[PDB]
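Using this note's numbering, the first residue of the sequence shown is number 120, and each one after it goes up by one.
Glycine included, every Cβ here is placed at the ideal spot set by N, Cα and C.
First the structure, in the form of structure tokens, and then the observations on it.
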Amino acid sequence: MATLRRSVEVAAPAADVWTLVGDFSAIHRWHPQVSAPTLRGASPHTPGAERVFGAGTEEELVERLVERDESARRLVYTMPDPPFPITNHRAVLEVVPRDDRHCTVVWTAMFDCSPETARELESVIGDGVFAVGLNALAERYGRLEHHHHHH
Numbered sequence: 120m121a122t123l124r125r126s127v128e129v130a131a132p133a134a135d136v137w138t139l140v141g142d143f144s145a146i147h148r149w150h151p152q153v154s155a156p157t158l159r160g161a162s163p164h165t166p167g168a169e170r171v172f173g174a175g176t177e178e179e180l181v182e183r184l185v186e187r188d189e190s191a192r193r194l195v196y197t198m199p200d201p202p203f204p205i206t207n208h209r210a211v212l213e214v215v216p217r218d219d220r221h222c223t224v225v226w227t228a229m230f231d232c233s234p235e236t237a238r239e240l241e242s243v244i245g246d247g248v249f250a251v252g253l254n255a256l257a258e259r260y261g262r263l264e265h266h267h268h269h270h
């Protein structure tokens, strides 16, 4: 699949999780693989702002906010400078409330990649970057209802 979708069980209300994931610039508050991103113009809540991971190294990542929904808990961005061989990138952050104390945080990433590379990116981007970040977030809200296996 060129379209990736992952979901995690968080022991907390969805709105509290949107206060964490939503910011775009402030992803280094929960996501351990984020080596501090540099937020360029527009403001991080306004559809347009870019975030440059590292910003002084041989391996950086430049992302850009396409559109943002505060009340809907829906965060859409793209990679205008991606290190992975793709054409058009598109990714969304949707925190879906199941109960008042339980919310499923769904991270989606779809990109126009070639099949032999795309199967590899499902494990690297999906079962690597997301399966670490989403799960570490579920562990820090585990102060309400129990910890789980890291990643």
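Can you give me the Cβ contacts of residue i inside the same chain, cut-off strictly under 8 Å, excluding the 5 residues immediately before and after it?
i, result
"residue 260", "129, 130, 131, 135 and 136"
"residue 250", "125 and 270"
"residue 160", "167, 168 and 169"
Could you please give the first and the last residue of the uninterrupted alpha helix (DSSP H) stretch that includes residue i?
i, result
"residue 239", "234 to 240"
"residue 138", "133 to 140"
"residue 259", "250 to 259"
Residue i and residue j look like a contact to me (Cβ under 8 Å); what is the Cβ gap, rounded to whole Å?
i, j, result
"residue 222", "residue 145", "Rounded, the Cβ-Cβ distance is 19 Å, inconsistent with contact."
"residue 166", "residue 181", "Not quite, the Cβ-Cβ distance comes to about 17 Å (not below 8 Å), so this is no contact."
If you follow the beta strand (DSSP E) that residue i is part of, which residue opens it and which one closes it?
i, result
"residue 182", "180 to 188"
"residue 195", "193 to 200"
"residue 158", "156 to 159"
Sorted by chain position, which residues of the same chain lie with C-beta nearer than 7 Å to residue i's C-beta, five sequence neighbours on each side aside?
i, result
"residue 236", "204"
"residue 152", "248, 251 and 252"
"residue 179", "171, 172 and 173"
With DSSP as the reference, please indicate the residues paired to residue i in a beta bridge.
i, result
"residue 228", "123 and 210"
Suppose the cutoff is 6 Å on Cβ atoms and the five residues either side in sequence are ignored; what does the same chain contact list for residue i look like?
i, result
"residue 157", "171 and 174"
The stretch 249 to 266 in contact with the stretch 135 to 142 per 3-pair CB rule at 8 Å: Cβ pair count under 8 Å is three or more, so yes.
Report yes or no: do the stretch 121 to 128 and the stretch 208 to 227 share at least 3 C-beta pairs separated by less than 8 Å? Verdict: yes, contact present.
When the Cβ atoms of the stretch 145 to 160 are set against those of the stretch 190 to 206, are three or more pairs found closer than 8 Å? The stretch 145 to 160 vs the stretch 190 to 206: no contact.
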